[PDB]
file coords_29.pdb (PDB, C-alpha atoms)
ATOM      1  CA  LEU S   1       0.000   0.000   0.000
ATOM      2  CA  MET S   2       2.852   2.400   0.762
ATOM      3  CA  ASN S   3       4.522   1.665  -2.578
ATOM      4  CA  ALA S   4       1.240   2.048  -4.475
ATOM      5  CA  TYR S   5       0.504   5.323  -2.679
ATOM      6  CA  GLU S   6       3.926   6.675  -3.623
ATOM      7  CA  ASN S   7       3.544   5.711  -7.282
ATOM      8  CA  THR S   8      -0.022   7.043  -7.528
ATOM      9  CA  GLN S   9       1.007  10.348  -5.949
ATOM     10  CA  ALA S  10       3.909  10.587  -8.395
ATOM     11  CA  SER S  11       1.575  10.022 -11.350
ATOM     12  CA  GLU S  12      -0.997  12.534 -10.088
ATOM     13  CA  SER S  13       1.711  15.153  -9.580
ATOM     14  CA  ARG S  14       3.053  14.407 -13.062
ATOM     15  CA  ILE S  15      -0.319  14.920 -14.756
ATOM     16  CA  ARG S  16      -1.661  17.800 -12.654
ATOM     17  CA  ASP S  17       1.081  19.713 -10.829
ATOM     18  CA  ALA S  18       2.562  22.618 -12.773
ATOM     19  CA  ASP S  19       6.266  22.819 -13.594
ATOM     20  CA  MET S  20       7.205  26.301 -12.390
ATOM     21  CA  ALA S  21      10.427  26.391 -14.408
ATOM     22  CA  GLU S  22       8.462  25.347 -17.505
ATOM     23  CA  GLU S  23       6.088  28.331 -17.638
ATOM     24  CA  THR S  24       8.062  31.008 -15.801
ATOM     25  CA  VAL S  25       9.611  31.604 -19.229
ATOM     26  CA  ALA S  26       6.122  31.722 -20.745
ATOM     27  CA  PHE S  27       4.982  34.246 -18.127
ATOM     28  CA  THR S  28       7.985  36.497 -18.737
ATOM     29  CA  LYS S  29       7.481  36.232 -22.505
ATOM     30  CA  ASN S  30       3.824  37.172 -22.095
ATOM     31  CA  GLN S  31       4.538  40.230 -19.957
ATOM     32  CA  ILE S  32       7.296  41.336 -22.352
ATOM     33  CA  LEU S  33       4.798  41.072 -25.203
ATOM     34  CA  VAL S  34       2.312  43.056 -23.102
ATOM     35  CA  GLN S  35       4.907  45.809 -22.684
ATOM     36  CA  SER S  36       5.611  45.821 -26.425
ATOM     37  CA  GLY S  37       1.898  45.925 -27.217
ATOM     38  CA  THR S  38       1.210  48.813 -24.862
ATOM     39  CA  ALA S  39       4.181  50.736 -26.271
ATOM     40  CA  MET S  40       2.861  50.185 -29.796
ATOM     41  CA  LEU S  41      -0.652  51.213 -28.739
ATOM     42  CA  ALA S  42       0.691  54.425 -27.213
ATOM     43  CA  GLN S  43       2.650  55.097 -30.408
ATOM     44  CA  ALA S  44      -0.386  54.451 -32.619
ATOM     45  CA  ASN S  45      -2.657  56.659 -30.496
ATOM     46  CA  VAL S  46      -0.750  59.802 -31.541
ATOM     47  CA  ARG S  47      -0.419  58.638 -35.162
ATOM     48  CA  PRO S  48      -3.265  60.757 -36.661
ATOM     49  CA  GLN S  49      -1.778  63.943 -35.171
ATOM     50  CA  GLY S  50       0.268  64.434 -38.346
ATOM     51  CA  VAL S  51      -2.819  65.485 -40.315
ATOM     52  CA  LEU S  52      -3.628  68.468 -38.084
ATOM     53  CA  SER S  53      -0.820  70.466 -39.710
ATOM     54  CA  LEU S  54      -2.707  70.422 -43.022
ATOM     55  CA  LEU S  55      -5.647  72.321 -41.500
TER      56      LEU S  55
ATOM     57  CA  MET H   1      15.660  39.887 -31.878
ATOM     58  CA  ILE H   2      12.707  37.492 -31.752
ATOM     59  CA  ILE H   3      10.833  37.866 -28.462
ATOM     60  CA  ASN H   4       7.906  35.541 -29.204
ATOM     61  CA  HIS H   5      10.016  32.486 -28.300
ATOM     62  CA  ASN H   6      12.964  32.577 -25.890
ATOM     63  CA  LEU H   7      14.871  29.642 -27.351
ATOM     64  CA  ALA H   8      17.733  29.942 -24.853
ATOM     65  CA  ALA H   9      15.246  29.630 -21.992
ATOM     66  CA  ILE H  10      13.712  26.591 -23.701
ATOM     67  CA  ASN H  11      17.109  24.906 -24.034
ATOM     68  CA  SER H  12      18.076  25.689 -20.439
ATOM     69  CA  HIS H  13      14.775  24.299 -19.148
ATOM     70  CA  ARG H  14      15.206  21.191 -21.301
ATOM     71  CA  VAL H  15      18.638  20.549 -19.796
ATOM     72  CA  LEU H  16      17.403  21.341 -16.280
ATOM     73  CA  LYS H  17      14.516  18.864 -16.472
ATOM     74  CA  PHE H  18      16.756  15.890 -17.241
ATOM     75  CA  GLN H  19      19.370  17.068 -14.743
ATOM     76  CA  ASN H  20      16.661  17.104 -12.066
ATOM     77  CA  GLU H  21      15.558  13.629 -13.164
ATOM     78  CA  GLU H  22      19.104  12.333 -12.683
ATOM     79  CA  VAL H  23      19.283  14.149  -9.333
ATOM     80  CA  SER H  24      16.115  12.384  -8.179
ATOM     81  CA  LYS H  25      17.437   9.015  -9.356
ATOM     82  CA  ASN H  26      20.676   9.541  -7.435
ATOM     83  CA  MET H  27      18.787  10.687  -4.335
ATOM     84  CA  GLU H  28      16.615   7.562  -4.357
ATOM     85  CA  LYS H  29      19.698   5.374  -4.854
ATOM     86  CA  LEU H  30      21.361   7.069  -1.877
ATOM     87  CA  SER H  31      18.269   6.749   0.318
ATOM     88  CA  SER H  32      17.641   3.062  -0.421
ATOM     89  CA  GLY H  33      21.289   2.010  -0.171
ATOM     90  CA  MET H  34      20.879  -0.423  -3.086
ATOM     91  CA  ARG H  35      22.261   0.060  -6.588
ATOM     92  CA  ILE H  36      19.494  -1.786  -8.445
ATOM     93  CA  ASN H  37      16.367  -0.436  -6.691
ATOM     94  CA  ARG H  38      13.463  -0.524  -9.186
ATOM     95  CA  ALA H  39      13.689  -2.514 -12.402
ATOM     96  CA  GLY H  40      15.192  -1.097 -15.580
ATOM     97  CA  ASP H  41      18.483  -0.062 -13.984
ATOM     98  CA  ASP H  42      19.907  -3.545 -14.599
ATOM     99  CA  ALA H  43      17.388  -6.284 -15.398
ATOM    100  CA  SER H  44      19.940  -9.103 -15.564
ATOM    101  CA  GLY H  45      21.553  -7.887 -12.356
ATOM    102  CA  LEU H  46      18.187  -7.742 -10.599
ATOM    103  CA  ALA H  47      17.281 -11.272 -11.702
ATOM    104  CA  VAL H  48      20.655 -12.661 -10.621
ATOM    105  CA  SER H  49      20.447 -10.797  -7.304
ATOM    106  CA  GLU H  50      16.993 -12.230  -6.606
ATOM    107  CA  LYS H  51      18.346 -15.701  -7.372
ATOM    108  CA  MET H  52      21.266 -15.146  -4.985
ATOM    109  CA  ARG H  53      18.881 -13.889  -2.286
ATOM    110  CA  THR H  54      16.823 -17.066  -2.615
ATOM    111  CA  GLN H  55      20.047 -19.074  -2.398
ATOM    112  CA  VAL H  56      21.078 -17.157   0.740
ATOM    113  CA  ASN H  57      17.760 -17.830   2.465
TER     114      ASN H  57
ATOM    115  CA  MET C   1      20.868  63.290 -45.798
ATOM    116  CA  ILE C   2      19.004  60.293 -47.213
ATOM    117  CA  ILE C   3      16.011  59.264 -45.098
ATOM    118  CA  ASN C   4      14.826  56.399 -47.323
ATOM    119  CA  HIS C   5      17.319  54.076 -45.608
ATOM    120  CA  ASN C   6      19.402  54.063 -42.424
ATOM    121  CA  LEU C   7      22.623  52.268 -43.328
ATOM    122  CA  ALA C   8      24.056  52.882 -39.856
ATOM    123  CA  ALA C   9      20.936  51.322 -38.338
ATOM    124  CA  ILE C  10      21.207  48.372 -40.735
ATOM    125  CA  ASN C  11      24.853  47.765 -39.832
ATOM    126  CA  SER C  12      24.178  48.079 -36.102
ATOM    127  CA  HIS C  13      21.254  45.650 -36.331
ATOM    128  CA  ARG C  14      23.359  43.147 -38.278
ATOM    129  CA  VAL C  15      26.182  43.298 -35.732
ATOM    130  CA  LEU C  16      23.645  43.063 -32.902
ATOM    131  CA  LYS C  17      22.026  39.924 -34.309
ATOM    132  CA  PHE C  18      25.344  38.239 -35.084
ATOM    133  CA  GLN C  19      26.481  38.971 -31.523
ATOM    134  CA  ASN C  20      23.210  37.700 -30.049
ATOM    135  CA  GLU C  21      23.822  34.452 -31.927
ATOM    136  CA  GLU C  22      27.213  34.060 -30.238
ATOM    137  CA  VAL C  23      25.911  34.986 -26.787
ATOM    138  CA  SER C  24      23.096  32.438 -27.114
ATOM    139  CA  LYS C  25      25.554  29.755 -28.229
ATOM    140  CA  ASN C  26      27.915  30.486 -25.334
ATOM    141  CA  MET C  27      25.102  30.579 -22.774
ATOM    142  CA  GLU C  28      23.737  27.249 -24.024
ATOM    143  CA  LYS C  29      27.216  25.705 -23.924
ATOM    144  CA  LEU C  30      27.883  26.925 -20.390
ATOM    145  CA  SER C  31      24.444  26.033 -18.989
ATOM    146  CA  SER C  32      24.790  22.514 -20.380
ATOM    147  CA  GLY C  33      28.183  22.346 -18.666
ATOM    148  CA  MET C  34      29.775  20.658 -21.690
ATOM    149  CA  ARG C  35      32.102  22.209 -24.255
ATOM    150  CA  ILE C  36      30.828  20.102 -27.184
ATOM    151  CA  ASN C  37      27.127  20.354 -26.420
ATOM    152  CA  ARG C  38      25.244  19.933 -29.716
ATOM    153  CA  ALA C  39      26.912  21.014 -32.967
ATOM    154  CA  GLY C  40      29.607  20.319 -35.521
ATOM    155  CA  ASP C  41      31.928  22.403 -33.359
ATOM    156  CA  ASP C  42      34.768  19.854 -33.237
ATOM    157  CA  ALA C  43      33.845  16.768 -35.258
ATOM    158  CA  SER C  44      37.040  14.936 -34.306
ATOM    159  CA  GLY C  45      36.627  15.995 -30.685
ATOM    160  CA  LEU C  46      33.048  14.725 -30.582
ATOM    161  CA  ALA C  47      34.019  11.408 -32.176
ATOM    162  CA  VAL C  48      36.936  10.881 -29.785
ATOM    163  CA  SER C  49      34.767  11.878 -26.820
ATOM    164  CA  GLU C  50      32.016   9.410 -27.726
ATOM    165  CA  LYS C  51      34.602   6.674 -28.274
ATOM    166  CA  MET C  52      36.173   7.482 -24.901
ATOM    167  CA  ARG C  53      32.764   7.385 -23.202
ATOM    168  CA  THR C  54      32.110   3.944 -24.683
ATOM    169  CA  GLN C  55      35.546   2.838 -23.475
ATOM    170  CA  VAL C  56      34.821   4.198 -19.984
ATOM    171  CA  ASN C  57      31.533   2.302 -19.787
TER     172      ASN C  57
END
call {"tool": "encode", "arguments": {"input": "coords_29.pdb", "output": "structure tokens"}}
result
Amino acid sequence: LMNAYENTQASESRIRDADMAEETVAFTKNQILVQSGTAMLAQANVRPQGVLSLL
Amino acid sequence: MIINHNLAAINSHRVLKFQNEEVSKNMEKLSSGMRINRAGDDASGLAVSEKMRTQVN
Amino acid sequence: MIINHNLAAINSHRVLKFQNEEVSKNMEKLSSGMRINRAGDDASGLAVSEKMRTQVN
């Protein structure tokens, strides 16, 4: 029973428990992309300002 | 440089996973005190060792 | 001054990418802990190393 408990716990951890080192990279990638997207959105917000000179 | 996929991080994590697997194997070998432990490490050795244990008893 | 192209920017980007390649290669090599990690870096070295590993086993 002890051996079976150990093996079953190992399997359950394998198929459910997250690997922190596996998606820490994904999290950092996602926040970097968020920063890039917000920078691009800020840049594109002021884009139509160039037409005001023609008025 | 491409930021959609940190390939260096992927490679480092790939190496780290197998290094941790070997670490766990070594830790279990240390804790049990036996080289064979579960099967697959040396099947022939395990079979012979079981035979010798029966002979000892 | 020509604004259709930025040759200085092009050159800087090229040098930057070809230095990022080297830094990624070095970081992979060092994180793996092995000089000949995965490449055709030293073909003779890799062959001799694999032969020596077989001999050690």
call {"tool": "atom_distance", "arguments": {"input": "coords_29.pdb", "atom1": "CA of residue 34 (chain S)", "atom2": "CA of residue 7 (chain H)"}}
result
18.9 Å
call {"tool": "calpha_fit_and_write", "arguments": {"input": "coords_29.pdb", "fixed": "chain C", "moving": "chain H", "output": "PDB file with C-alpha atoms, in the frame of the given file"}}
result
ATOM      1  CA  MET H   1      20.963  63.201 -46.070  1.00  0.00           C
ATOM      2  CA  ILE H   2      19.199  60.093 -47.373  1.00  0.00           C
ATOM      3  CA  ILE H   3      16.315  59.142 -45.081  1.00  0.00           C
ATOM      4  CA  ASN H   4      14.845  56.306 -47.159  1.00  0.00           C
ATOM      5  CA  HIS H   5      17.459  53.869 -45.806  1.00  0.00           C
ATOM      6  CA  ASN H   6      19.173  54.252 -42.427  1.00  0.00           C
ATOM      7  CA  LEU H   7      22.373  52.412 -43.299  1.00  0.00           C
ATOM      8  CA  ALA H   8      23.908  52.944 -39.852  1.00  0.00           C
ATOM      9  CA  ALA H   9      20.880  51.277 -38.264  1.00  0.00           C
ATOM     10  CA  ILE H  10      21.205  48.403 -40.742  1.00  0.00           C
ATOM     11  CA  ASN H  11      24.874  47.895 -39.866  1.00  0.00           C
ATOM     12  CA  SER H  12      24.215  48.076 -36.124  1.00  0.00           C
ATOM     13  CA  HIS H  13      21.395  45.533 -36.401  1.00  0.00           C
ATOM     14  CA  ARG H  14      23.606  43.265 -38.509  1.00  0.00           C
ATOM     15  CA  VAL H  15      26.310  43.314 -35.837  1.00  0.00           C
ATOM     16  CA  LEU H  16      23.757  42.885 -33.042  1.00  0.00           C
ATOM     17  CA  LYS H  17      22.188  39.793 -34.618  1.00  0.00           C
ATOM     18  CA  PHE H  18      25.456  37.853 -34.730  1.00  0.00           C
ATOM     19  CA  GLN H  19      26.464  39.129 -31.293  1.00  0.00           C
ATOM     20  CA  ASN H  20      23.181  37.764 -29.926  1.00  0.00           C
ATOM     21  CA  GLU H  21      23.828  34.468 -31.720  1.00  0.00           C
ATOM     22  CA  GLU H  22      27.212  34.179 -30.002  1.00  0.00           C
ATOM     23  CA  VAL H  23      25.583  35.148 -26.692  1.00  0.00           C
ATOM     24  CA  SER H  24      23.059  32.327 -27.080  1.00  0.00           C
ATOM     25  CA  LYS H  25      25.807  29.849 -27.970  1.00  0.00           C
ATOM     26  CA  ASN H  26      27.786  30.832 -24.876  1.00  0.00           C
ATOM     27  CA  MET H  27      24.680  30.638 -22.684  1.00  0.00           C
ATOM     28  CA  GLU H  28      23.906  27.111 -23.887  1.00  0.00           C
ATOM     29  CA  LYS H  29      27.536  26.084 -23.336  1.00  0.00           C
ATOM     30  CA  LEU H  30      27.369  27.455 -19.787  1.00  0.00           C
ATOM     31  CA  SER H  31      24.043  25.759 -19.049  1.00  0.00           C
ATOM     32  CA  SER H  32      25.057  22.321 -20.348  1.00  0.00           C
ATOM     33  CA  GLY H  33      28.522  22.341 -18.775  1.00  0.00           C
ATOM     34  CA  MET H  34      30.021  20.632 -21.844  1.00  0.00           C
ATOM     35  CA  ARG H  35      32.244  22.285 -24.438  1.00  0.00           C
ATOM     36  CA  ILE H  36      31.123  20.197 -27.420  1.00  0.00           C
ATOM     37  CA  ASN H  37      27.324  20.144 -26.927  1.00  0.00           C
ATOM     38  CA  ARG H  38      25.675  19.796 -30.367  1.00  0.00           C
ATOM     39  CA  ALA H  39      27.673  18.751 -33.412  1.00  0.00           C
ATOM     40  CA  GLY H  40      29.560  21.233 -35.567  1.00  0.00           C
ATOM     41  CA  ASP H  41      31.515  22.780 -32.697  1.00  0.00           C
ATOM     42  CA  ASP H  42      34.201  20.096 -33.046  1.00  0.00           C
ATOM     43  CA  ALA H  43      33.252  17.006 -35.055  1.00  0.00           C
ATOM     44  CA  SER H  44      36.532  15.162 -34.478  1.00  0.00           C
ATOM     45  CA  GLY H  45      36.413  16.021 -30.788  1.00  0.00           C
ATOM     46  CA  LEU H  46      32.832  14.779 -30.510  1.00  0.00           C
ATOM     47  CA  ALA H  47      33.672  11.490 -32.236  1.00  0.00           C
ATOM     48  CA  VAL H  48      36.735  10.926 -30.049  1.00  0.00           C
ATOM     49  CA  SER H  49      34.763  11.836 -26.918  1.00  0.00           C
ATOM     50  CA  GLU H  50      32.027   9.345 -27.801  1.00  0.00           C
ATOM     51  CA  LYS H  51      34.698   6.687 -28.315  1.00  0.00           C
ATOM     52  CA  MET H  52      36.231   7.498 -24.920  1.00  0.00           C
ATOM     53  CA  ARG H  53      32.790   7.356 -23.280  1.00  0.00           C
ATOM     54  CA  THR H  54      32.238   3.885 -24.722  1.00  0.00           C
ATOM     55  CA  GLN H  55      35.684   2.901 -23.446  1.00  0.00           C
ATOM     56  CA  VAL H  56      34.833   4.259 -19.979  1.00  0.00           C
ATOM     57  CA  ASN H  57      31.596   2.278 -19.795  1.00  0.00           C
TER      58      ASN H  57
END
call {"tool": "resolve_selection", "arguments": {"input": "coords_29.pdb", "expression": "the ChimeraX specification (/H :<10) & /C", "output": "PyMOL selection string"}}
result
chain C and resi 13+16-17+20-21+23-25+27-33
call {"tool": "interface_residues", "arguments": {"input": "coords_29.pdb", "of": "chain H", "to": "chain S", "cutoff": "8 Å", "atoms": "all atoms listed in the file", "output": "ChimeraX atom specification"}}
result
/H:3-6,9-10,13
call {"tool": "atom_distance", "arguments": {"input": "coords_29.pdb", "atom1": "CA of residue 37 (chain C)", "atom2": "CA of residue 50 (chain C)"}}
result
12.1 Å
call {"tool": "atom_distance", "arguments": {"input": "coords_29.pdb", "atom1": "CA of residue 36 (chain H)", "atom2": "CA of residue 54 (chain H)"}}
result
16.6 Å
